[PDB]
Amino acid sequence: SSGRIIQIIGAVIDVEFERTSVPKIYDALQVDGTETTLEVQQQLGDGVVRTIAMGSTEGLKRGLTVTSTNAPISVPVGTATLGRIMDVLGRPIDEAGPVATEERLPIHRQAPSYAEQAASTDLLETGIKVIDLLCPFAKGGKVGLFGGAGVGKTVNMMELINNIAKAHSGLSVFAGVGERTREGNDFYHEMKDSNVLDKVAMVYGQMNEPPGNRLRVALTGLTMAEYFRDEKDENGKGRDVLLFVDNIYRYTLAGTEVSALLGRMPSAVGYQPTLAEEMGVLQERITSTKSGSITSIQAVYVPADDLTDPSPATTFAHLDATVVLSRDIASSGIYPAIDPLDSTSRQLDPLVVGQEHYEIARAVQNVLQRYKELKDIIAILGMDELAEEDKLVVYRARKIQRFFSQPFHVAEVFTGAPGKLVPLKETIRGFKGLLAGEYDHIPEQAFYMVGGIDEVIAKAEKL
Amino acid sequence: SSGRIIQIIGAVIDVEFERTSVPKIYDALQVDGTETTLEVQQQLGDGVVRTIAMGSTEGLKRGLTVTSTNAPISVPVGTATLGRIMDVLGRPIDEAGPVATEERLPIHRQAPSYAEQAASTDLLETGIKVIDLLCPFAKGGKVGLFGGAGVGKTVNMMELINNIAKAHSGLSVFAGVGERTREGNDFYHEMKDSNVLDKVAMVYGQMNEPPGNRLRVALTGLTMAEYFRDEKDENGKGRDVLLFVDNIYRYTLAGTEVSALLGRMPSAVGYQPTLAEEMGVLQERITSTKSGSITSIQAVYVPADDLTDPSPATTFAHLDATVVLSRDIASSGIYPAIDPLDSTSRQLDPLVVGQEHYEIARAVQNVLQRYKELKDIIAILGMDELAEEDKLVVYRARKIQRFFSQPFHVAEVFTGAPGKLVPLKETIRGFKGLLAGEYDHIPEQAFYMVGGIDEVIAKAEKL
Amino acid sequence: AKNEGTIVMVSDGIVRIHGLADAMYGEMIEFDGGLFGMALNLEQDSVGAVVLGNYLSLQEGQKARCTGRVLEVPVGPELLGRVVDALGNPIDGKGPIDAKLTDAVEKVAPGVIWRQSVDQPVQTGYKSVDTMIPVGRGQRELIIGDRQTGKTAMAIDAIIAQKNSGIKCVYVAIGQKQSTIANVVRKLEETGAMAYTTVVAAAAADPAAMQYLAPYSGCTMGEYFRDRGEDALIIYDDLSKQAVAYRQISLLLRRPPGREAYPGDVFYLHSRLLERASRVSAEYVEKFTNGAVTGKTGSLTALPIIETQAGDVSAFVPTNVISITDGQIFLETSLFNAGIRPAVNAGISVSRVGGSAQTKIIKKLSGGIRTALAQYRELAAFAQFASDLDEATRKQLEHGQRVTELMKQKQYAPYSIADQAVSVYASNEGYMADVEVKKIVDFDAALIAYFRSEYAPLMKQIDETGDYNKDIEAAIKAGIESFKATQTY
Amino acid sequence: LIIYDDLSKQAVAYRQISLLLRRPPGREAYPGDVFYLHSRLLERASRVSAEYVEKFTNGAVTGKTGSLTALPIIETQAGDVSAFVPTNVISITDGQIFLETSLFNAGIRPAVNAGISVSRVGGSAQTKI
Ligand SMILES: Nc1ncnc2c1ncn2[C@@H]1O[C@H](COP(=O)(O)OP(=O)(O)OP(=O)(O)O)[C@@H](O)[C@H]1O
Ligand SMILES: Nc1ncnc2c1ncn2[C@@H]1O[C@H](COP(=O)(O)OP(=O)(O)O)[C@@H](O)[C@H]1O
Ligand SMILES: [Mg+2]
Ligand SMILES: [Mg+2]
């Protein structure tokens with residue numbers, strides 16, 4: 001009824017068992033005399049199972065006793081996890097006391113069937129108006145921030161965190177393993193001071209912990225997001241949830257880590273990987289059912305300055321939208337600093353969103369592209385010599401690029417500005433009006449940090 | 001004696017015999033209760049021989065008995081195989097009843113000695129423009145076509161069959177062509193209505209057969225060619241039978257597919273360890289002895305479209321005239337797509353072809369090679385920059401590249417233009433006139449699929 | 001004991017079974033809990049097997065039994081307008097399917113004597129394919145390109161176009177996400193093309209064994225009509241995923257690895273499937289039907305899809321698949337992002353059947369236009385460096401530009417035979433020479449609309465009969481000349 | 001303040017031990033765990049709070065914050081930062097100092113390229129002056 005450790009090689013721990021009681025795949029076992037828990041991965045015959053240690057490893061010796069829980073690893077999930085930080089097993093680490101939630105779920109579950117898929121393709125609306133018009137997201141999609149370390153990516157995550165609550169009353173989950181660069185306060189404090197802390201649940205893990213801890217974190221985040229989505233209100237409907245799975249440091253590692261979101265190990269099981277069956281369900285677990293929709297935002301690095309096709313593109317296979325952070329525009333100070341041209345989305349099509357949005361969104365990219373191509377000749381020889389036909393193009397491009405800037409509610413406690421949450425239809429109306437040229441008389445500086453069009457005209461009249 | 005099956009993986013089957021009745025190499029065996037036969041490939045001691053099954057291994061299990069024939073796979077050879085189509089073991093598959101022939105020969109036999117090797121002395125016209133000039137043929141020789149998938153090897157093979165075989169009398173030709181069934185079924189039908197099926201024998205295997213059948217197709221055809229040439233009618237000869245194989249590569253592909261299962265370690269690119277000898281033992285038997293003659297044409301596949309692959313590189317040494325097809329020329333519209341450079345024939349000697357032919361060929365190759373090196377200069381600096389002595393070379397190279405094109409009798413279904421035939425003297429006269437600087441005013445668009453020079457003149461007039 | 005057995009090893013969907021001495025190659029096995037396997041590796045003292053379905057409820061020491069039958073799927077005419085998985089179990093929840101027959105999944109193709117040449121056309125609605133790279137009933141052809149190059153758009157458009165023809169169609173999805181499959185099914189149902197289509201779905205959330213056996217079951221379902229004198233058409237969403245699944249299965253099962261980290265018999269894997277598409281002869285139909293039907297010739301068409309990395313065609317696998325089929329259609333990213341849609345490369349795409357798989361009018365018209373396009377492309381590439389040109393080169397260049405613009409078409413807008421004939425006749429005769437390089441896309445649409453509003457009996461005659469009599473060409477010329485004058489865009 | 005004279009040589013030594021331990025070579029120049037070998041080391045340099053200092057010291061020290069700074073050195077071949085090891089350490093550090101060789105041979109010493117050498121915490125550490 002009790003086993004013994006047989007072979008400790010790296011993270012792989014082969015454990016034998018009695019003949020009539022051998023743990024089924026994915027079962028969890030507890031090692032007496034130490035803090036560590038084992039997860040079953042594959043069976044090897046002769047009553048021997050190959051497992052991976054989950055807790056921190058210390059002073060392990062051959063032949064240690066082990067007792068079986070007979071059930072998968074269950075993580076506490078509920079409403080009390082909001083504003084807390086937990087271990088990979090759900091044990092809190094923020095010194096704030098135990099989590100009072102009493103219900104838990106297994107972290108290894110099956111995919112929703114073909115009969116549980118949604119009957120349409122809806123667009124998730126966020127507060128940010130650059131992202132919404134140019135790179136629309138999709139409820140159940142997969143997002144990639146292709147952003148380098150220098151730009152302020154975190155404030156974008158915070159703005160999403162705040163707006164989903166307000167926009168759709170949907171909770172969020174954050175999971176990440178370690179930190180790549182330190183240029184500002186650690187996320188926890190940077191979220192505490194902005195008061196978005198109670199709308200999110202956080203799972204974290206270092207690198208000096210065993211490779212088991214580094215793995216199986218996205219699964220815990222996914223289980224929490226699933227519980228948030230499935231919970232129903234008095235109207236008998238679910239919520240829309242965002243899963244912020246942090247990149248694992250570098251993309252070389254993210255090659256495995258991107259594929260870790262696709263269920264691939266970074267050489268944890270060097271003999272016989274077990275991913276085809278574990279992986280590939282991970283890509284599915286993220287979907288929009290009729291009741292609730294869950295979406296995934298993942299950050300990645302672009303050191304070569306090469307993204308998409310220039311980049312390895314292995315990420316490009318499954319990503320539905322790519323958000324690009326530009327250092328030049330950030331130097332400009334237009335925050336959020338998102339490139340309006342390089343960022344792309346597959347949901348920008350005449351069928352999914354309609355012909356109106358497609359016609360409006362496609363036109364602004366053309367004007368931006370033309371302005372970017374003539375900026376050099378404008379620089380060398382000046383604006384005056386340029387024909388008036390292109391001068392209108394330049395003026396309109398400046399207006400839209402200024403309008404892309406937006407006050408953020410998460411930074412209100414610092415700047416003091418009232419902040420804005422611009423609905424999508426109003427963004428469409430304002431962009432169509434600007435493209436047609438009704439706002440031509442409107443002077444500049446009425447779009448920088450001015451939020452919504454009516455606020456544009458209010459700013460114009462107030463000065 | 002009788003053995004039993006002890007292991008089966010795909011095609012490779014090893015049968016364990018008694019202590020003293022172990023069958024020799026290549027001693028075909030019959031499996032009782034099934035239409036399958038086995039051939040010995042290698043010995044493993046202990047009374048175990050690892051064999052390959054001829055036919056599907058579905059429907060069989062471990063434990064079945066086998067009877068040793070103690071003789072290689074013998075095929076029927078004689079005058080009665082003429083006009084019949086048969087599978088590799090020699091079973092007729094034309095629904096025309098059995099074959100009345102008692103003479104039978106084994107398909108595994110040694111190679112002719114050094115003493116009985118005969119020279120080749122007589123040319124052999126084919127009607128193609130590029131082949132008759134840059135690569136003359138000779139009776140009793142060996143010819144090969146080198147190409148990547150989709151570049152026209154077959155069409156050229158069918159044109160050669162239609163252009164020499166149908167005219168030469170008493171040929172007693174042999175067909176070992178193996179290709180997409182659709183192409184095969186059409187051949188048998190085409191040959192029949194033309195009433196030339198009387199003096200032709202055929203052996204055909206498809207692509208869907210297991211590796212057992214695909215491995216030994218060519219040996220059967222070689223045996224049927226060897227019998228015919230050797231025989232002598234009273235006061236007569238062997239009929240100078242001609243062999244055409246369109247399936248040479250599959251021999252090596254099946255070899256490398258089963259080599260790993262026979263235990264052989266990987267070599268080079270991963271091709272089998274014994275590539276060279278395996279290719280040699282087959283490519284040697286296609287020769288002309290002092291007792292007869294054989295004229296053969298082969299098709300050589302080029303994997304991944306590189307000629308440095310170990311499979312096509314080994315075959316260069318085994319041929320007299322080599323024809324190389326390039327993908328780029330095919331994509332440019334020029335047919336047939338033969339690389340004027342990298343194509344040579346042993347019979348291109350001033351003593352064999354003559355004096356004028358040699359000078360014409362050398363001048364053509366020199367002009368093309370000179371043009372091959374002027375592309376980068378034209379790119380970086382204008383065309384105008386290069387001297388006139390190179391303008392002439394560029395224009396003559398373009399004209400020569402199109403003039404080596406002609407329409408075929410066989411390939412009229414694709415283009416819809418009538419076929420053409422050109423004798424050697426017309427080719428020589430036209431190229432002599434071209435290199436001389438005459439026909440320098442005719443636009444290069446009149447040299448395309450126009451065949452003979454007077455047709456060039458007429459086509460240029462029509463424009 | 002010969003049928004009983006145990007389990008000694010479970011990992012990643014592979015179960016290795018002791019005993020089972022009486023076990024054939026490919027014969028199914030029964031697991032505890034309604035789970036079926038497939039014996040693929042037979043050894044000295046063990047049997048390999050792949051599990052069909054979820055294997056997480058299998059442990060060591062369980063039992064297994066041999067059915068004594070090969071893997072088979074339900075097949076019939078009642079499967080039309082339904083969605084099933086790789087074993088034929090319905091998933092759309094529209095009630096059970098009334099099956100009457102079962103067919104083996106692993107079967108050999110018809111022999112050489114029992115086949116026939118292919119002389120009947122198959123329409124697609126695309127000008128490029130129907131005029132430059134023809135397809136016919138019984139021909140196998142491939143769609144090759146990168147990711148996000150519109151490869152699947154061409155496959156569905158073809159399925160929709162087979163409305164009045166009477167060809168049953170099949171669709172197989174391998175490795176796709178559930179949302180995409182649902183969207184495709186919705187699009188099929190909306191257009192009314194689901195009344196004859198059957199869909200087999202083995203999604204990414206399914207075991208590699210399911211993603212490996214999907215095309216075989218699709219072909220077995222499609223052969224029902226071929227063996228009885230009725231045409232059929234089958235589409236494989238992506239065979240690259242099947243290759244990956246096979247490499248997985250053959251590596252988890254101990255088999256020596258090979259070139260490119262791929263295993264042996266991948267060529268055999270992709271060839272034993274495609275060769276099952278054939279056009280049988282009337283004698284074969286009569287013998288199979290036992291005299292029930294006479295004077296009918298069956299057929300079966302295939303359109304497998306393969307994706308490539310970095311847009312190369314000289315890769316080992318793409319060429320291994322090109323060497324099997326009777327053609328290929330190549331889609332280029334550089335043409336896609338440049339606005340040329342559908343992006344088809346004329347030079348590298350060929351058809352091996354040729355004019356045999358065409359109507360009389362199209363074959364008489366669409367002659368020598370693909371080679372002209374390739375020659376134009378090379379001439380333009382060279383002439384970008386040439387300082388000066390003459391009349392002939394300029395004429396060829398203009399014709400090439402106009403033709404490359406005429407071949408662009410929208411999605412979900414299938415042209416008919418009359419439309420293609422009129423467009424190609426107008427192009428060849430030279431009425432598009434004076435028109436600007438731009439506004440060509442408007443020209444063909446406006447001309448088709450005019451020729452549909454008027455001259456309707458001529459189009460009816462051309463649609464029903466493919467004949468091209470002098471009267472037809474005279475009428476087309478007179479109509480195009482009438483449209484040229486006294487008529488504006 | 002800790003300085004590692006060369007970290008690429010540590011990677012080479014780790015590769016030698018791994019290859020002598022009969023582990024598979026893989027398709028890359030170095031094994032895949034070199035990344036974690038460097039990350040587990042560079043993660044241990046950080047500033048702690050005053051409360052942690054008091055907690056660890058049992059109240060002996062109060063109102064003082066600990067610290068630790070790392071200045072590892074990485075060797076490149078012909079200025080190739082696209083190799084395996086150089087790109088693993090660039091992406092887990094808060095700054096880079098790029099010393100060229102063309103400037104070094106041209107007399108400009110120290111040779112620091114300001115165009116590509118950046119800092120992340122810069123402007124906070126500097127004194128007011
Ligand atoms: N004729 C067309 N005109 C314009 N856009 C088109 C056309 N055909 C396809 N597209 C675009 O391309 C998309 C189709 O891409 P496709 O299905 O080839 O992607 P994929 O991911 O490579 O395919 P698969 O589904 O096999 O994985 C359409 O959604 C549309 O955006
Ligand atoms: N003389 C020719 N005229 C026109 N087209 C040709 C000619 N030769 C080859 N082709 C084209 O090249 C392709 C080559 O096909 P085939 O030779 O059967 O395959 P492979 O080159 O692999 O043997 C054919 O589909 C045909 O369209
Ligand atoms: Mg070929
Ligand atoms: Mg797709």
# chains A, B, ... in the order shown; residues from 1 in each chain; ligands from 1
>>> residues_near_ligand(ligand="ligand 4", cutoff="9 Å", atoms="only C-alpha atoms and all ligand atoms", output="list in words")
residues 147, 148, 151, 152, 176, 177, 180, 181 and 237 of chain C
>>> write_last_selection(atoms="N, CA and C atoms", output="compact mmCIF listing (two decimals), in the first residue's frame")
# COMPACT_ATOMS: atom_id res chain seq x y z
N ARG C 147 0.89 28.87 -44.54
CA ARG C 147 -0.25 29.06 -43.65
C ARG C 147 -0.91 30.40 -43.92
N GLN C 148 -2.24 30.43 -43.80
CA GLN C 148 -3.02 31.67 -44.04
C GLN C 148 -2.84 32.13 -45.50
N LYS C 151 -5.74 28.32 -48.56
CA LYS C 151 -5.75 26.91 -49.06
C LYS C 151 -7.14 26.29 -48.88
N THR C 152 -7.79 26.51 -47.73
CA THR C 152 -9.11 25.89 -47.40
C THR C 152 -10.26 26.60 -48.11
N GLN C 176 -7.79 20.35 -36.64
CA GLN C 176 -8.35 21.68 -36.54
C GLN C 176 -9.03 21.88 -35.19
N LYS C 177 -9.18 23.14 -34.81
CA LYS C 177 -9.89 23.48 -33.58
C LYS C 177 -11.39 23.30 -33.76
N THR C 180 -13.34 26.27 -35.45
CA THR C 180 -13.23 26.34 -36.90
C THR C 180 -14.10 25.29 -37.58
N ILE C 181 -14.16 24.08 -37.03
CA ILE C 181 -15.02 23.05 -37.59
C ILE C 181 -16.48 23.49 -37.52
N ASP C 237 -8.30 18.09 -45.17
CA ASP C 237 -8.01 19.46 -44.74
C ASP C 237 -6.52 19.73 -44.70
>>> closest_atom_pairs(of="chain C", to="ligand 3", cutoff="9 Å", atoms="only C-alpha atoms and all ligand atoms", output="JSON lines")
{"residue": "C:322", "atom": "CA", "partner": "ligand 3", "partner_atom_place_in_ligand_line": "1 (Mg)", "distance": 8.3}
{"residue": "C:323", "atom": "CA", "partner": "ligand 3", "partner_atom_place_in_ligand_line": "1 (Mg)", "distance": 5.2}
{"residue": "C:324", "atom": "CA", "partner": "ligand 3", "partner_atom_place_in_ligand_line": "1 (Mg)", "distance": 8.1}
>>> write_last_selection(atoms="N, CA and C atoms", output="mmCIF file, in the first residue's frame")
data_model
loop_
_atom_site.group_PDB
_atom_site.id
_atom_site.type_symbol
_atom_site.label_atom_id
_atom_site.label_comp_id
_atom_site.auth_asym_id
_atom_site.auth_seq_id
_atom_site.Cartn_x
_atom_site.Cartn_y
_atom_site.Cartn_z
ATOM 1 N N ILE C 322 4.229 15.402 -53.945
ATOM 2 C CA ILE C 322 4.026 15.826 -55.328
ATOM 3 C C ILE C 322 4.220 14.652 -56.278
ATOM 4 N N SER C 323 5.177 13.777 -55.974
ATOM 5 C CA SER C 323 5.458 12.644 -56.847
ATOM 6 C C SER C 323 4.333 11.614 -56.882
ATOM 7 N N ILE C 324 3.355 11.700 -55.986
ATOM 8 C CA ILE C 324 2.266 10.727 -55.954
ATOM 9 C C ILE C 324 1.067 11.201 -56.761
#
>>> select_by_dssp(residues="segment 160-339 of chain A", states="alpha helix (DSSP H)", output="number ranges by chain")
A: 160-168, 187-192, 211-214, 217-230, 251-261, 282-285, 327-332
>>> residues_near_ligand(ligand="ligand 2", cutoff="9 Å", atoms="only C-alpha atoms and all ligand atoms", output="ChimeraX atom specification")
/B:147-157,159,179-180,183,246,299,301,330,333-337,405-415 /C:322-324,326-327,350-354,371
>>> residues_near_ligand(ligand="ligand 1", cutoff="9 Å", atoms="only C-alpha atoms and all ligand atoms", output="JSON, numbers by chain")
{"A": [317, 346, 347, 348, 349, 350, 351], "C": [145, 146, 147, 148, 149, 150, 151, 152, 153, 154, 173, 175, 176, 180, 181, 237, 238, 305, 306, 307, 336, 339, 340, 341, 342, 343, 408, 409, 410, 411, 412, 413]}
>>> write_last_selection(atoms="N, CA, C and O atoms", output="short mmCIF file (atom, residue, chain, number, x, y, z; two decimals), in the first residue's frame")
data_model
loop_
_atom_site.label_atom_id
_atom_site.label_comp_id
_atom_site.auth_asym_id
_atom_site.auth_seq_id
_atom_site.Cartn_x
_atom_site.Cartn_y
_atom_site.Cartn_z
N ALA A 317 1.55 30.18 -35.24
CA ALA A 317 0.65 29.14 -35.71
C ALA A 317 -0.72 29.24 -35.05
O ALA A 317 -1.76 29.16 -35.72
N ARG A 346 -6.76 38.30 -36.94
CA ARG A 346 -7.46 37.50 -37.98
C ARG A 346 -8.96 37.77 -37.89
O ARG A 346 -9.69 37.33 -38.79
N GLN A 347 -9.40 38.46 -36.84
CA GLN A 347 -10.84 38.74 -36.65
C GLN A 347 -11.21 39.99 -37.44
O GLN A 347 -12.41 40.31 -37.53
N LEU A 348 -10.21 40.67 -38.01
CA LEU A 348 -10.49 41.87 -38.85
C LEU A 348 -10.85 41.38 -40.25
O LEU A 348 -9.97 41.40 -41.13
N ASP A 349 -12.11 40.96 -40.44
CA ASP A 349 -12.55 40.42 -41.75
C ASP A 349 -13.99 40.89 -41.99
O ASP A 349 -14.72 41.07 -41.01
N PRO A 350 -14.43 41.08 -43.25
CA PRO A 350 -15.77 41.62 -43.52
C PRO A 350 -16.90 40.76 -42.99
O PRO A 350 -18.00 41.28 -42.77
N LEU A 351 -16.67 39.47 -42.77
CA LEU A 351 -17.73 38.58 -42.32
C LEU A 351 -17.86 38.57 -40.80
O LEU A 351 -18.97 38.67 -40.27
N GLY C 145 0.85 25.09 -50.16
CA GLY C 145 1.14 26.48 -49.85
C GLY C 145 1.53 26.65 -48.40
O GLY C 145 1.74 25.67 -47.68
N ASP C 146 1.62 27.91 -47.98
CA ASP C 146 1.99 28.26 -46.62
C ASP C 146 0.74 28.32 -45.74
O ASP C 146 -0.35 27.89 -46.13
N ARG C 147 0.89 28.87 -44.54
CA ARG C 147 -0.25 29.06 -43.65
C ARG C 147 -0.91 30.40 -43.92
O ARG C 147 -0.25 31.38 -44.27
N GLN C 148 -2.24 30.43 -43.80
CA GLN C 148 -3.02 31.67 -44.04
C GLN C 148 -2.84 32.13 -45.50
O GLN C 148 -2.71 33.35 -45.72
N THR C 149 -2.84 31.19 -46.45
CA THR C 149 -2.70 31.54 -47.89
C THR C 149 -4.00 31.20 -48.65
O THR C 149 -3.95 31.18 -49.89
N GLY C 150 -5.10 30.95 -47.93
CA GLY C 150 -6.39 30.68 -48.59
C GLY C 150 -6.51 29.26 -49.12
O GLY C 150 -7.33 29.04 -50.03
N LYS C 151 -5.74 28.32 -48.56
CA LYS C 151 -5.75 26.91 -49.06
C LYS C 151 -7.14 26.29 -48.88
O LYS C 151 -7.60 25.61 -49.82
N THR C 152 -7.79 26.51 -47.73
CA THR C 152 -9.11 25.89 -47.40
C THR C 152 -10.26 26.60 -48.11
O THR C 152 -11.29 25.95 -48.35
N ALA C 153 -10.10 27.86 -48.45
CA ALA C 153 -11.16 28.56 -49.20
C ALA C 153 -11.41 27.85 -50.53
O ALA C 153 -12.58 27.67 -50.87
N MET C 154 -10.35 27.46 -51.24
CA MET C 154 -10.52 26.81 -52.56
C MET C 154 -11.24 25.48 -52.38
O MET C 154 -12.09 25.16 -53.21
N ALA C 173 -11.58 16.69 -41.47
CA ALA C 173 -10.86 17.71 -40.72
C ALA C 173 -9.91 17.04 -39.74
O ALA C 173 -10.35 16.25 -38.89
N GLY C 175 -6.87 17.75 -36.99
CA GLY C 175 -6.09 18.65 -36.17
C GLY C 175 -6.64 20.05 -36.03
O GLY C 175 -6.02 20.87 -35.35
N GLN C 176 -7.79 20.35 -36.64
CA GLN C 176 -8.35 21.68 -36.54
C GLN C 176 -9.03 21.88 -35.19
O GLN C 176 -9.40 20.92 -34.50
N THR C 180 -13.34 26.27 -35.45
CA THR C 180 -13.23 26.34 -36.90
C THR C 180 -14.10 25.29 -37.58
O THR C 180 -14.73 25.57 -38.61
N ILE C 181 -14.16 24.08 -37.03
CA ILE C 181 -15.02 23.05 -37.59
C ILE C 181 -16.48 23.49 -37.52
O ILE C 181 -17.24 23.34 -38.49
N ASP C 237 -8.30 18.09 -45.17
CA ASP C 237 -8.01 19.46 -44.74
C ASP C 237 -6.52 19.73 -44.70
O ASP C 237 -6.06 20.80 -45.13
N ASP C 238 -5.74 18.79 -44.18
CA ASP C 238 -4.29 18.93 -44.10
C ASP C 238 -3.71 17.57 -43.81
O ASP C 238 -4.03 16.96 -42.78
N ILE C 305 -4.50 18.40 -49.08
CA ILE C 305 -3.87 19.69 -48.81
C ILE C 305 -2.63 19.48 -47.95
O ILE C 305 -2.66 18.73 -46.97
N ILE C 306 -1.53 20.13 -48.34
CA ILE C 306 -0.26 20.06 -47.62
C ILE C 306 0.26 21.48 -47.43
O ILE C 306 0.22 22.29 -48.36
N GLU C 307 0.75 21.78 -46.23
CA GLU C 307 1.30 23.08 -45.91
C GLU C 307 2.82 23.01 -45.83
O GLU C 307 3.40 21.96 -45.52
N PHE C 336 -0.23 36.63 -52.26
CA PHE C 336 -1.39 36.87 -51.42
C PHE C 336 -1.37 38.27 -50.82
O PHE C 336 -2.36 39.00 -50.88
N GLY C 339 -2.28 41.40 -53.06
CA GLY C 339 -3.62 41.59 -53.57
C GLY C 339 -4.05 40.63 -54.65
O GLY C 339 -5.20 40.70 -55.09
N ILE C 340 -3.17 39.73 -55.08
CA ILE C 340 -3.52 38.73 -56.09
C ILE C 340 -4.20 37.57 -55.38
O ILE C 340 -3.55 36.81 -54.66
N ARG C 341 -5.51 37.44 -55.57
CA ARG C 341 -6.28 36.41 -54.89
C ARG C 341 -7.30 35.82 -55.86
O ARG C 341 -8.05 36.57 -56.50
N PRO C 342 -7.36 34.49 -55.99
CA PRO C 342 -6.55 33.48 -55.30
C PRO C 342 -5.12 33.44 -55.82
O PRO C 342 -4.88 33.51 -57.02
N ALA C 343 -4.15 33.32 -54.93
CA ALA C 343 -2.74 33.37 -55.30
C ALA C 343 -2.33 32.02 -55.85
O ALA C 343 -2.08 31.08 -55.09
N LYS C 408 -8.03 37.08 -61.35
CA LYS C 408 -8.37 37.35 -59.96
C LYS C 408 -9.87 37.26 -59.76
O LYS C 408 -10.65 37.75 -60.59
N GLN C 409 -10.28 36.64 -58.66
CA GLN C 409 -11.69 36.39 -58.41
C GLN C 409 -11.96 36.48 -56.92
O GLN C 409 -11.08 36.26 -56.09
N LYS C 410 -13.21 36.80 -56.59
CA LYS C 410 -13.66 36.93 -55.21
C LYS C 410 -14.02 35.56 -54.64
O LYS C 410 -14.11 34.56 -55.36
N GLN C 411 -14.24 35.52 -53.33
CA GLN C 411 -14.67 34.30 -52.66
C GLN C 411 -16.19 34.19 -52.68
O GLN C 411 -16.90 35.20 -52.68
N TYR C 412 -16.68 32.95 -52.72
CA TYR C 412 -18.11 32.65 -52.73
C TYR C 412 -18.82 33.25 -53.94
O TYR C 412 -19.99 33.62 -53.87
N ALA C 413 -18.12 33.36 -55.07
CA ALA C 413 -18.69 33.89 -56.31
C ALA C 413 -18.33 32.96 -57.46
O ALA C 413 -17.54 33.33 -58.35
#
>>> interface_residues(of="chain D", to="chain A", cutoff="12 Å", atoms="only C-alpha atoms", output="ChimeraX atom specification")
/D:21,23-26,28,31-47,80-95,118-125
>>> interface_residues(of="chain C", to="chain A", cutoff="10 Å", atoms="only C-alpha atoms", output="PyMOL selection string")
chain C and resi 7-13+16+54-61+91-93+147-148+175+177-179+181-183+186+201+203-208+245+248+251-252+309-310
>>> residues_around(residues="residue 173 of chain A", least_positions_apart="5", cutoff="10 Å", atoms="only C-alpha atoms", output="list in words")
residues 81, 82, 161, 199, 200, 201, 202, 203, 220, 221, 222, 223, 224, 225, 226, 228, 241, 242, 243, 244, 245 and 296 of chain A
>>> atom_distance(atom1="atom CA of residue 38 of chain B", atom2="atom CA of residue 311 of chain B")
26.9 Å
>>> atom_distance(atom1="atom CA of residue 7 of chain B", atom2="atom CA of residue 62 of chain B")
6.6 Å
>>> atom_distance(atom1="atom CA of residue 230 of chain C", atom2="atom CA of residue 295 of chain C")
11.7 Å
>>> residues_around(residues="residue 145 of chain B", least_positions_apart="6", cutoff="7 Å", atoms="only C-alpha atoms", output="JSON, numbers by chain")
{"B": [153, 298, 299, 300, 322, 323, 324]}
>>> closest_residue(among="A:139, A:429, A:132, A:188", to="residue 158 of chain A", atoms="only C-alpha atoms")
A:188
>>> residues_around(residues="residue 23 of chain C", least_positions_apart="6", cutoff="8 Å", atoms="only C-alpha atoms", output="list in words")
residues 61 and 62 of chain B; 2, 3, 39 and 66 of chain C
